[PDB]
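Everything below belongs to input-v9.cif, which stores mmCIF, C-alpha atoms.
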```
data_my_file
#
loop_
_atom_site.label_atom_id
_atom_site.label_comp_id
_atom_site.auth_asym_id
_atom_site.auth_seq_id
_atom_site.Cartn_x
_atom_site.Cartn_y
_atom_site.Cartn_z
CA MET A 1 -11.74 -0.73 -8.06
CA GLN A 2 -12.42 -4.21 -6.69
CA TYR A 3 -13.80 -4.55 -3.15
CA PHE A 4 -11.76 -6.25 -0.42
CA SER A 5 -13.15 -6.92 3.04
CA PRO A 6 -11.29 -5.78 6.16
CA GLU A 7 -10.63 -9.41 7.00
CA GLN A 8 -8.90 -9.68 3.62
CA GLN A 9 -6.93 -6.51 4.22
CA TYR A 10 -5.99 -7.95 7.60
CA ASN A 11 -4.45 -11.23 6.44
CA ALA A 12 -2.79 -9.38 3.56
CA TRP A 13 -1.24 -6.97 6.03
CA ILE A 14 0.12 -9.75 8.24
CA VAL A 15 2.00 -11.26 5.33
CA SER A 16 3.73 -7.94 4.85
CA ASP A 17 4.51 -7.63 8.51
CA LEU A 18 5.80 -11.17 8.99
CA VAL A 19 8.15 -10.92 6.04
CA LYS A 20 9.13 -7.46 7.26
CA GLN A 21 10.05 -8.49 10.78
CA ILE A 22 11.87 -11.46 9.27
CA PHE A 23 13.83 -8.84 7.40
CA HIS A 24 14.44 -6.84 10.58
CA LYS A 25 16.00 -9.77 12.37
CA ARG A 26 18.18 -10.84 9.48
CA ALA A 27 19.26 -7.23 8.86
CA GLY A 28 19.48 -5.01 11.93
CA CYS A 29 17.41 -1.99 10.85
CA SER A 30 14.09 -2.21 8.96
CA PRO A 31 13.01 -2.72 5.28
CA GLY A 32 12.17 -0.35 2.47
CA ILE A 33 8.92 -0.48 0.50
CA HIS A 34 10.73 -1.58 -2.66
CA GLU A 35 13.42 -3.45 -0.77
CA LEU A 36 11.03 -5.61 1.30
CA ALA A 37 9.25 -6.30 -1.96
CA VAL A 38 12.19 -7.97 -3.68
CA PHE A 39 12.97 -9.71 -0.42
CA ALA A 40 9.55 -11.33 -0.34
CA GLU A 41 9.76 -12.46 -3.93
CA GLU A 42 13.27 -13.93 -4.14
CA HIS A 43 13.31 -15.32 -0.60
CA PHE A 44 9.73 -16.52 -0.27
CA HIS A 45 8.26 -16.51 -3.78
CA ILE A 46 5.65 -14.15 -2.38
CA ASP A 47 3.83 -11.85 -4.72
CA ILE A 48 3.88 -8.46 -3.07
CA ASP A 49 2.07 -6.85 -5.97
CA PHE A 50 -0.97 -9.05 -5.27
CA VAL A 51 -0.64 -8.43 -1.50
CA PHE A 52 -0.37 -4.63 -1.67
CA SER A 53 -3.27 -4.37 -4.09
CA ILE A 54 -5.51 -6.03 -1.55
CA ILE A 55 -4.38 -3.64 1.16
CA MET A 56 -4.53 -0.29 -0.67
CA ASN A 57 -7.16 -1.65 -3.04
CA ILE A 58 -5.00 -0.07 -5.75
CA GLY A 59 -4.45 -2.08 -8.92
CA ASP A 60 -6.45 -5.06 -10.08
CA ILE A 61 -5.77 -8.78 -10.05
CA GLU A 62 -6.82 -11.85 -11.99
CA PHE A 63 -7.80 -14.48 -9.37
CA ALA A 64 -10.09 -11.93 -7.71
CA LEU A 65 -12.59 -14.22 -5.95
CA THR A 66 -12.58 -15.06 -2.23
CA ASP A 67 -11.88 -18.73 -1.87
CA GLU A 68 -8.92 -18.02 -4.10
CA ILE A 69 -7.82 -14.74 -2.66
CA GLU A 70 -7.63 -16.82 0.53
CA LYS A 71 -5.86 -20.04 -0.27
CA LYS A 72 -3.33 -17.65 -1.84
CA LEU A 73 -2.73 -15.39 1.11
CA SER A 74 -2.84 -18.34 3.47
CA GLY A 75 -0.30 -20.08 1.25
CA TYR A 76 2.03 -17.22 2.02
CA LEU A 77 1.28 -17.45 5.73
CA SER A 78 2.16 -21.11 6.00
CA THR A 79 5.33 -20.26 4.13
CA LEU A 80 6.42 -17.63 6.64
CA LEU A 81 5.08 -18.96 9.93
CA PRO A 82 7.89 -21.52 10.33
CA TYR A 83 10.46 -18.69 10.37
CA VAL A 84 8.59 -16.46 12.84
CA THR A 85 8.21 -16.70 16.59
CA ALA A 86 5.28 -16.01 18.87
CA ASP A 87 6.20 -12.39 19.58
CA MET A 88 6.67 -11.55 15.92
CA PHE A 89 3.23 -12.98 15.18
CA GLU A 90 1.45 -11.12 17.96
CA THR A 91 3.35 -7.98 17.02
CA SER A 92 2.13 -8.10 13.46
CA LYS A 93 -1.41 -8.95 14.59
CA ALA A 94 -1.44 -5.92 16.87
CA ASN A 95 -0.08 -3.62 14.19
CA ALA A 96 -2.67 -4.92 11.74
CA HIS A 97 -5.64 -4.13 13.96
CA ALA A 98 -3.98 -0.79 14.67
CA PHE A 99 -3.94 -0.09 10.96
CA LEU A 100 -7.58 -1.12 10.65
CA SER A 101 -9.12 1.31 13.15
CA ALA A 102 -12.81 -5.63 15.99
CA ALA A 103 -11.02 -9.01 15.77
CA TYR A 104 -10.40 -10.81 12.46
CA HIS A 105 -9.96 -14.41 11.38
CA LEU A 106 -6.51 -15.43 10.13
CA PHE A 107 -6.50 -17.53 6.97
CA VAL A 108 -5.81 -21.17 7.81
CA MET B 1 5.19 2.28 13.10
CA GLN B 2 4.74 6.02 12.58
CA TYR B 3 1.23 7.48 12.78
CA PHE B 4 -0.39 9.08 9.75
CA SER B 5 -3.73 10.87 9.92
CA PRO B 6 -6.57 9.96 7.55
CA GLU B 7 -6.18 13.34 5.90
CA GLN B 8 -2.59 12.35 5.18
CA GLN B 9 -3.60 8.97 3.85
CA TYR B 10 -6.15 10.79 1.71
CA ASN B 11 -3.81 13.16 -0.11
CA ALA B 12 -1.28 10.36 -0.44
CA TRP B 13 -3.93 8.19 -2.05
CA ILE B 14 -4.92 10.87 -4.54
CA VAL B 15 -1.37 11.11 -5.84
CA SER B 16 -1.46 7.41 -6.59
CA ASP B 17 -4.80 7.72 -8.29
CA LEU B 18 -4.00 10.75 -10.42
CA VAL B 19 -0.79 9.20 -11.68
CA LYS B 20 -2.70 5.97 -12.18
CA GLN B 21 -5.48 7.43 -14.27
CA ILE B 22 -2.83 9.37 -16.20
CA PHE B 23 -1.41 5.97 -16.93
CA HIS B 24 -4.81 4.61 -17.96
CA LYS B 25 -5.32 7.28 -20.58
CA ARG B 26 -1.84 7.05 -22.04
CA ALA B 27 -2.05 3.24 -22.08
CA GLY B 28 -5.50 1.75 -22.67
CA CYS B 29 -5.80 -0.71 -19.76
CA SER B 30 -4.68 0.03 -16.18
CA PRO B 31 -1.34 0.02 -14.23
CA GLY B 32 0.43 -2.58 -12.14
CA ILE B 33 1.61 -1.95 -8.59
CA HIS B 34 5.27 -2.12 -9.61
CA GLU B 35 4.61 -0.73 -13.07
CA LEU B 36 2.77 2.42 -11.88
CA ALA B 37 5.63 2.84 -9.45
CA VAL B 38 8.35 3.21 -12.07
CA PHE B 39 5.96 5.32 -14.11
CA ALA B 40 5.60 7.81 -11.27
CA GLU B 41 9.33 8.04 -10.71
CA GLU B 42 10.68 8.36 -14.25
CA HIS B 43 7.79 10.43 -15.59
CA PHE B 44 7.02 12.62 -12.60
CA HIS B 45 9.97 12.30 -10.25
CA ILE B 46 7.45 11.11 -7.68
CA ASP B 47 8.59 8.98 -4.81
CA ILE B 48 6.10 6.16 -4.58
CA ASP B 49 7.97 4.52 -1.72
CA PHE B 50 7.27 7.61 0.43
CA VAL B 51 3.64 7.76 -0.79
CA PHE B 52 2.81 4.09 -0.19
CA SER B 53 4.36 4.15 3.26
CA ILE B 54 1.96 6.88 4.26
CA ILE B 55 -1.00 4.89 2.98
CA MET B 56 -0.28 1.42 4.36
CA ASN B 57 1.75 2.92 7.19
CA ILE B 58 4.31 0.25 6.30
CA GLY B 59 7.96 1.28 6.24
CA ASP B 60 9.45 4.40 7.77
CA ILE B 61 10.62 7.67 6.32
CA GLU B 62 13.07 10.42 7.18
CA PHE B 63 11.15 13.72 6.78
CA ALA B 64 8.38 12.35 9.00
CA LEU B 65 6.85 15.57 10.35
CA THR B 66 3.61 17.17 9.11
CA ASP B 67 4.46 20.47 7.55
CA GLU B 68 6.98 18.49 5.57
CA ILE B 69 4.95 15.43 4.86
CA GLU B 70 2.60 18.00 3.31
CA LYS B 71 4.64 20.33 1.19
CA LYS B 72 5.99 17.04 -0.20
CA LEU B 73 2.72 15.40 -1.11
CA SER B 74 1.34 18.71 -2.30
CA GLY B 75 4.45 19.12 -4.44
CA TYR B 76 3.42 15.97 -6.21
CA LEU B 77 -0.15 17.19 -6.61
CA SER B 78 0.82 20.42 -8.33
CA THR B 79 3.03 18.33 -10.56
CA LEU B 80 0.17 16.12 -11.71
CA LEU B 81 -2.81 18.44 -11.68
CA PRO B 82 -1.84 20.12 -14.97
CA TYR B 83 -2.13 16.77 -16.76
CA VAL B 84 -5.47 15.74 -15.23
CA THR B 85 -9.00 16.88 -15.99
CA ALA B 86 -11.95 17.56 -13.74
CA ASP B 87 -13.44 14.08 -14.02
CA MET B 88 -10.17 12.36 -13.25
CA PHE B 89 -9.82 14.51 -10.15
CA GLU B 90 -13.32 13.89 -8.85
CA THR B 91 -12.91 10.21 -9.67
CA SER B 92 -9.82 9.90 -7.55
CA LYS B 93 -11.40 11.94 -4.75
CA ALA B 94 -14.40 9.63 -4.69
CA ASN B 95 -12.26 6.49 -4.73
CA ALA B 96 -10.17 7.92 -1.90
CA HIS B 97 -13.11 8.51 0.41
CA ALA B 98 -14.36 5.06 -0.59
CA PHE B 99 -11.07 3.60 0.56
CA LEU B 100 -11.28 5.53 3.81
CA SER B 101 -14.64 4.22 5.07
CA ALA B 102 -16.13 12.37 6.24
CA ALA B 103 -14.57 14.96 3.88
CA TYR B 104 -10.84 15.76 3.84
CA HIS B 105 -8.71 18.76 2.95
CA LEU B 106 -6.52 18.47 -0.15
CA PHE B 107 -2.97 19.74 0.30
CA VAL B 108 -2.58 23.13 -1.39
#
```

For the structure just supplied, provide its representation as structure tokens.
Amino acid sequence: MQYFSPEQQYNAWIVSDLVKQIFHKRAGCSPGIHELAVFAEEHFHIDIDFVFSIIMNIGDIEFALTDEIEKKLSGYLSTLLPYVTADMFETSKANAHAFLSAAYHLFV
Amino acid sequence: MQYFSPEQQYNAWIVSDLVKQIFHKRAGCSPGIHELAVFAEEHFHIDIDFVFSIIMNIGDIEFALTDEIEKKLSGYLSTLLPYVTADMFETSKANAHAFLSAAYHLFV
């Protein structure tokens, strides 16, 4: 069981929420755990496996460092930001802190 | 975003860990987020989607109550317990508390 800081869980959670809201905007309702997963891979080449592992701490990963586990999550951010508005962003940030209960730093 | 108590996240996390360790016993290494998922459905008729939602709080569910969200998770427990030993159990219990940092009550 590898250790992942709350700030790491935070950024990882945003990714999931950005891509989610992007789903619930395109579709009318809201995603499915497995659904949203395929949606983040085929549409944004995002690796949900990696992302969920960081959150739940379940499962291991290869590039398990810090500088890496960052440029990777941030890479996803930059990829989604363009398609999300201000509200969507703030909404996911709120939900993240709500899930982690302190302010955290967003990767890049 | 539905609310799920830590005690709910706890039991939900055990399920994932029991089925996981059962995987890393059968296979030599350790699961994959998506892998372990199929493994819990085909081998134990366990609904990982439901379980993960409770943990990460991501995604919604239908039978979102308490008495229900219990007899369901507990149903999974009883299903896995038979195949797990004492160490495996204690190991998952420890990892759970480690992920939630208090002692919690295990469903049935």

Interface, chain A side, toward chain B (12 Å; only C-alpha atoms) as a PyMOL selection string
chain A and resi 1-6+9-10+12-21+23-24+29-38+47-62+91-92+94-96+98-101

Interatomic distance between atom CA of residue 69 of chain B and atom CA of residue 22 of chain B?
23.3 Å

Could you list, as an MDAnalysis selection string, every residue matched by the PyMOL selection byres ((chain A and resi 79) around 10) in this structure?
chainID A and resid 15 19 44:46 73:78 80:83

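The space between atom CA of residue 11 of chain B and atom CA of residue 105 of chain B spans 8.0 Å.
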
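Relative to atom CA of residue 7 of chain B, atom CA of residue 104 of chain B is found at 5.6 Å.
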
Report the centre and edge lengths, in Å to one decimal, of an axis-aligned box enclosing every atom of segment 80-83 of chain A listed in the file, padded by 8 Å on each side, as lines of an AutoDock Vina configuration file.
```
center_x = 7.8
center_y = -19.6
center_z = 8.5
size_x = 21.4
size_y = 19.9
size_z = 19.7
```
